Amino acid sequence: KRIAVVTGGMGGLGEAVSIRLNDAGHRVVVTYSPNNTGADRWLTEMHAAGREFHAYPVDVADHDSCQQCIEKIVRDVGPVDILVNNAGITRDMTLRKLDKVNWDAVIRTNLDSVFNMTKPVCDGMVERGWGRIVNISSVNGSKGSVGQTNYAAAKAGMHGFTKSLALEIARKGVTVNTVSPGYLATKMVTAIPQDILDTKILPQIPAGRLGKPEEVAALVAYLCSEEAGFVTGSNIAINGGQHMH
Amino acid sequence: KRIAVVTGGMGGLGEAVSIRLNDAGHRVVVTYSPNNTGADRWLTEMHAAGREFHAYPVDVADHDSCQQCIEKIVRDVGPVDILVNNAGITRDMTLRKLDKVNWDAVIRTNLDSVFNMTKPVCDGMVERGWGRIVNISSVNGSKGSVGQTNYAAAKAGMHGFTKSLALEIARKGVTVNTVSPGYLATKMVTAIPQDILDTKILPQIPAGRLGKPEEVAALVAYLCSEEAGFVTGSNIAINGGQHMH
Amino acid sequence: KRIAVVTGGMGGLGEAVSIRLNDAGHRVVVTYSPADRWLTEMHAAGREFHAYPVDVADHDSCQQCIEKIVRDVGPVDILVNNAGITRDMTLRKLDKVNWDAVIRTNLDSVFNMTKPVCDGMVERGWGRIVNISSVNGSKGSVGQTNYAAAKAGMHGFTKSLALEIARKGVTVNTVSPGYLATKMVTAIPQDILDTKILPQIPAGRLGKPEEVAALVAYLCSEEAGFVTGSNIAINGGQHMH
Amino acid sequence: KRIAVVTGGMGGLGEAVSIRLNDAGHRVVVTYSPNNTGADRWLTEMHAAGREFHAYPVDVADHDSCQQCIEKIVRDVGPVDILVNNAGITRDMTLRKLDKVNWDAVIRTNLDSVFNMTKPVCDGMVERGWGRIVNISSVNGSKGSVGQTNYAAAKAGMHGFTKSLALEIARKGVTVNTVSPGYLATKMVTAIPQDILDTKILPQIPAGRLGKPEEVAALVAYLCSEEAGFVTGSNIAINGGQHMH
Ligand SMILES: NC(=O)c1ccc[n+]([C@@H]2O[C@H](COP(=O)([O-])OP(=O)(O)OC[C@H]3O[C@@H](n4cnc5c(N)ncnc54)[C@H](OP(=O)(O)O)[C@@H]3O)[C@@H](O)[C@H]2O)c1
Ligand SMILES: NC(=O)c1ccc[n+]([C@@H]2O[C@H](COP(=O)([O-])OP(=O)(O)OC[C@H]3O[C@@H](n4cnc5c(N)ncnc54)[C@H](OP(=O)(O)O)[C@@H]3O)[C@@H](O)[C@H]2O)c1
């Protein structure tokens, strides 16, 4: 089996990605953040639903934390074949209100994380002549959003990274792609009051519904498959038609 | 079982798509150009390999030809759930040398075809609340190419169609997407002398190899699957890194 | 002077482009669908144009028009492909006649008008071709499978041609406008503009045809020689990518 | 007269921008970095060629440095109407060899700078109902580049910032746009030896020549003009056809 690492693999989209990659026959390793005290309960729950994951702590905003995390995974589980950079946060405020701490938290967590997690896995992928790296961006990287100068900068920057790295390692059988989801039915979105969902969110989506986390997971599984080896440097929109270009 | 129509389904990329959709479980119908003299021989060969197709003649440049073809498919096989607009030609000439006849041949065959074949299938898909339309473009629609003012205009036009149609019918469970392949190992390209392939074509492709038509077919199958419902109005690049944006 | 041709140059956006290019120092020629009142009015205002009737969907009409222009004025340095129509209808109801009318008028015209001027530009080592597209080519629009196909196709043409002739000092670019304050848009009642159109535009107003004309004048200038194969959005933020 | 601030205003492209904005009738203030010991000499040189500039020190990677710089400019010169975020560096290394120091240097200098410089000028532009913000990206943000996971991430991130801010403040008469140059005839590009220029650089450029810094300056001046008020959230390519999409 291919070994896959999914950052934020216990969160909304992350769990759906982890579940799908497991179901596709990959051996899945998730990370959990310093704020996450529920790793044991999550592992037990996942096993109750028939699935075995490995879990390791990491701070994706810290270079050394990432290096050490990957070192342990290679030691305990094995060489990393697939990396899904899914960890990310929001700190939404208009530029007028936005302070440096909240600019920084988003750039460091959402963009530095791509450098920090991808650098320690690439050499092995290249050496073996096979790898898949998938970066989870956002429709808001593509179109921008009010309150998201920080988030859009980070998420658009992710795709700049995708393209440069794709060029460096495409010849070695490693693909690097960006996935840009629209609104998904994760906890923080399904919690939105119905009046706002009906008048402000759903009318932006031609499909007329939220995307399922499982649908984004399916796209990630496709990119991670043996038959997706000719797709590289791309940014795939999965947004119900919310944005087209 | 979903019923799929694949235009240009009997050779090159079309054949690969038709095989993949069949193996995905769909009932596949192919179109062939009216003066294609090998339809029965193709069906025999495919049936000898365990695949049961239907095949109908059509001129995709002719509006009435297309309407009537779909009517026969509906009568004989059943309602069309999936359409892959794959038929197309090249008539490469720099603008300096390009004539109106060859401008028209490419616009009519490559762009008018999308209107001609899609119009007769959409109402049924909308009525039933499910459909998939996949338009096959080219990397050259994205980046342009010398000698292809006609082909790039047609192929870029196809994606304009994709986006407008996607908006009209998204809310009714029908997706419309464009797939843009780079260099593929179809008969016309593998016929390239090996030294020309190595010195002139491969250096344009970071992957360092031609794409397999089966790889493109796999992407089309993903888009046609039940789990790709939140992808619409998109243009997915499958080009080994030849073009990024 | 450079000589400029503006198709559809006597009304709407075309008129604003024609005026701006004249005022930039170009000798301007306009085309119209089958002009003295407009020509005389422009003359009174200190602007000398030539006007020719042309069917931009018809290849021979375009070739013959360009012949007259080279005779009467001189070789064409600048071409703005602005002529275009809409025939809006959802795919369900759109007939072949109205698909064709839009592809032929909006897309074939680019081939028909550009082919007869490009060789001269290349021979001389300088030229400017500007294709007027639409935001709706970039984003799609309901009832515009035809219009978006034609307008997106225009930019495929831009990119291929740009590659053919960049080395010889000719640039080819697309301009994609949003909502403009032309006659048929300003005829919209203010209540409908305020509640239906303006909320789509972050700028909160219609674009002026003169603003689009200024961008076209920039592209046609001596200092825009390193811009080619591009699609420039001028839409008040209505679409970004 | 409008007051313009050009970061990196004494460097290759920045000087050209500064000269053109002055010639267009604006009052131009340049910044100079901590490592620049030539401000006095540059001001003298510029005045000997007929132009009066103001110059202030700043470290664009440092939020407080930029806030203080802007305070001084407003005190000494006047409120800022036009901001050109032109300062940027390269630290080119493949991801395999790229260390965190050089990742950070490029993200903080090239992307954090857009937040650090733009935040302190935006309120005033909004208050007066007129402003122009122009962010200098790169063709390599659009296409990616080998050795530039850092630079392309930063440069693509700049445009994410552009789009989100443009949405926040378009209604207030302020525009925000990205300009993405190709190869320019600045000191370090013209220094490249002739064999590499001829075989590696120029063949990537359909125009067959380097871009003049003055050409990019012309575009920036256009964007800063009173007539460009309906252009916002855009990314304008000025690259001699090197990349198209
Ligand atoms: N939901 C949507 O509609 C949507 C749309 C577009 C894009 N996205 C993207 O989807 C991704 C996942 O977010 P989500 O929607 O699933 O929200 P979420 O449940 O809040 O997940 C965010 C994940 O980020 C991880 N994380 C944050 N900071 C971290 C750090 N310093 N170190 C390690 N891990 C860290 C968290 O790990 P722990 O759980 O261990 O704390 C968490 O699993 C994000 O990149 C987001 O930008 C979501
Ligand atoms: N030349 C090209 O081909 C090309 C192509 C695409 C994009 N660009 C972009 O154009 C911009 C200008 O670069 P250039 O080509 O003109 O090269 P350059 O002469 O090296 O200019 C870079 C400028 O950045 C300033 N700078 C760097 N770090 C700084 C800091 N920490 N604080 C304040 N200022 C700082 C420098 O200021 P001092 O001079 O005061 O030290 C300098 O003027 C960059 O953003 C670059 O990415 C250039």
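Residues numbered from 1 in each chain as written, not as in the entry; some residues may be left out. Chains lettered and ligands numbered in written order. Heavy atoms only, no water. Residues with missing side-chain atoms left out of burial classes, pairs and counts.

By the method listed in its record, X-ray crystallography, this PDB entry was determined to a resolution of 1.5000 Å.

A.B. asks: I'd love a proper account of the overall build of chain C, names of residues and values included.
C.D. replies: Counting its regular elements, chain C contains nine helices and seven strands. For chain C, the C-alpha radius of gyration of 17 Å lies close to 18 Å, the compact-globule estimate for 241 residues. (Helix = DSSP H or I, 4+ residues; strand = E, 2+ residues; numbered from the N terminus. Rg over C-alpha atoms; globule rule 2.2 N^0.38 Å.)

A.B. asks: Requested: an account of the packing of helix α1 (residues 12–23) of chain C against helix α9 (residues 209–219) of chain C, with residues and values cited.
C.D. replies: Residue and element names in this part refer to chain C. Relative to each other, α1 and α9 sit at 50°, their axes nearing to 8 Å. As summarised for this structure, α1 and α9 are arranged oblique, according to the angle between their axes. Handedness of the α1/α9 crossing: right-handed. Touching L13, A16, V17, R20 and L21 of α1 are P209, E210, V212, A213, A214, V216 and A217, all from α9. (Axes fitted to C-alpha atoms, helices over the stretch in contact; angles between N-to-C directions. Parallel < 35°, antiparallel > 145°, perpendicular 65-115°, else oblique. Left-handed = near helix turned anticlockwise from the far one by under 90°. Contact = heavy atoms within 4.5 Å.)

A.B. asks: Please give an account of the relation of the copies chain A and chain D that cites residues and values.
C.D. replies: Note on the identical chains: chain A maps onto chain D by a rotation of 180° and an axial translation of 0.1 Å, with an RMSD of 0.1 Å. What the rotation and shift describe, once combined, is the action of a two-fold rotation axis. Relative to the rotation axis, the C-alpha of A:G157 is the closest in chain A, positioned 1.9 Å from it. Of the interface residues in chain A, 100% have counterparts in chain D that sit at the interface too, so the contact is made through matching surfaces. (Least-squares fit on C-alpha atoms.)

A.B. asks: An account of the site of ligand 2 is requested, with residue identities and associated values reported.
C.D. replies: Residue and element names in this part refer to chain D. Ligand 2 sits among 26 residues. The nearest are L13, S33, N86, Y151 and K155. At a separation of 2.8 Å, an oxygen atom of ligand 2 approaches a polar side-chain atom of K155. Considered on its own, ligand 2 offers 890 Å² of accessible surface; in the complex 81% of this is hidden by protein. Taken together, the elements giving at least two residues each to the shell around ligand 2 come down to α1 (12–23) and α6 (149–169). (Near = heavy atom within 4 Å. Polar contact = N/O pair within 3.5 Å; in protein donor to acceptor, adjacent residues only side chain to side chain. Areas by Shrake-Rupley, 256 points an atom, 1.4 Å probe, with all protein chains shown as cover.)

A.B. asks: Tell me about the packing of aromatic side chains, and please be specific about residues and values.
C.D. replies: Per the stated rule, a full pass over the model turns up 14 aromatic pairs over all chains. Ring centres of A:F115 and D:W103 lie 4.9 Å apart, and the angle between their planes is 10°; this geometry places the pair in the stacked category. Taken together, the residues span two chains, with A:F115 in helix α4 (residues 100–128) and D:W103 in helix α4 (residues 100–128). The two residues A:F115 and D:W103 agree in class, both being buried. Look at D:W42 and D:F53: their rings are 5.1 Å apart centre to centre, the planes differ by 35°, and that puts the pair in the tilted class. Note that D:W42 is positioned in helix α2 (residues 39–48) and D:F53 in the loop between α2 and β3 (54–57), a separation of 11 residues in sequence. (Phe/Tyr/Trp six-rings, centres within 6.5 Å; stacked < 30°, edge-to-face > 60°. Buried < 20%, exposed > 50% of the residue type's maximum accessible area, 1.4 Å probe, protein only.)

A.B. asks: Outline a negative patch on the surface, listing residues and values.
C.D. replies: Among the surface-exposed residues, C:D55, C:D58, C:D60 and C:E67 lie close enough to one another that they form a single negatively charged patch. The topology assignment puts C:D60 in helix α3 (residues 59–72). (Patch = residues over 30% accessible without salt bridge, like charges linked within 9 Å, V, L, I, M, F, W, Y side chains within 5 Å. Salt bridge = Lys/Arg side-chain N within 4 Å of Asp/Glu carboxyl O. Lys, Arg positive; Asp, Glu negative; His and termini not counted. Charge placed at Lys NZ, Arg CZ, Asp CG, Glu CD.)

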